[PDB]
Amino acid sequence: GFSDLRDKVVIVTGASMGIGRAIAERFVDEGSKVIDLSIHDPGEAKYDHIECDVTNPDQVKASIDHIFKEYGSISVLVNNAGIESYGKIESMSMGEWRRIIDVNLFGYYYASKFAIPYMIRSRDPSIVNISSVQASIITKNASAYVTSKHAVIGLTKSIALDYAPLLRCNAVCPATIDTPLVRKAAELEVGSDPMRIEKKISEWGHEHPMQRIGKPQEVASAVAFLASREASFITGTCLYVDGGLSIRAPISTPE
């Protein structure tokens, strides 16, 4: 693992399930003091939790102020909380489109804005933003989601440039990962049949050169690496955890 993460205060947003929970658990395994900021209670977890809606800047500020007071520092912030709904720009209501931007982009902006002042009071703090392989190659009927993930890359570069060399900021760009959100995405297409869901997921996995979809722990490994001193000269970039998806053209060749 990354020994330097031990005992450091790590905040992870949206860590009650899926990738966020996997990230929180990895940091706990690294020995960090982890706090989850989410609207849902992670239940019996080894990490701390504060009820917090990332779209509410006042609650985000209060939660972060509380963490600094309780723990004495903040060394790592992982922005992960996000949502996805589908629809053509003409079908999705303007409210829902804006809501996706609010959670996926503004949530990252608020958490970063309020954590940074405290983070720079620590040695070599690091922010990791979870974007998507869709910051590059995109899906249909996902206007708001795709727009928000591209925005996250811009926010990431900005924070990196504005605060270097004291604080580093990078993003992780995952492709299809085995999470509740993805299983739900499949159900929205094939129904509740566990057999038919495995088929749709297998189809997606076969589209990735690695021939399977990713695991939450694989995204968590990239986050831990970027948050650690092992990435001391890495800032402003997105580490793609996509099983090769973003470099594959879907055009057959003779074999």
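Residue indices: 1-based, along the sequence shown.
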* **Selected stretch [higher average CA B-factor]: 112 to 120 or 152 to 160** => 112 to 120
* Asked: Going by the B-factors listed in the PDB entry, is the mean over the C-alpha atoms higher for 189 to 197 or for 221 to 229?
  -> 189 to 197
* Asked: What's the residue among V9, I234, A15, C238 with the greatest CA temperature factor in the PDB record?
  -> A15
* Structure fact -> Reading the B-factor column for Cα atoms of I64, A45, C52, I35, the highest value belongs to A45
* Asked: Sorting the chain's CA B-factors, does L166 end up in the lowest, middle or highest third?
  -> highest
* **Position of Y145 among the chain's modelled residues by C-alpha B-factor, lowest, middle or highest third** => lowest
* Grab the CA temperature factor for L105 from the record and place it in the lowest, middle or highest third of its chain. => lowest
* Asked: Taking the C-alpha B-factors as the PDB entry records them, is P125 in the lowest, middle or highest third of its chain?
  -> middle
* To do: Consider only the C-alpha atoms of the modelled residues in this chain, order them by B-factor as the entry records it, and name the third containing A81: lowest, middle or highest.
  => middle
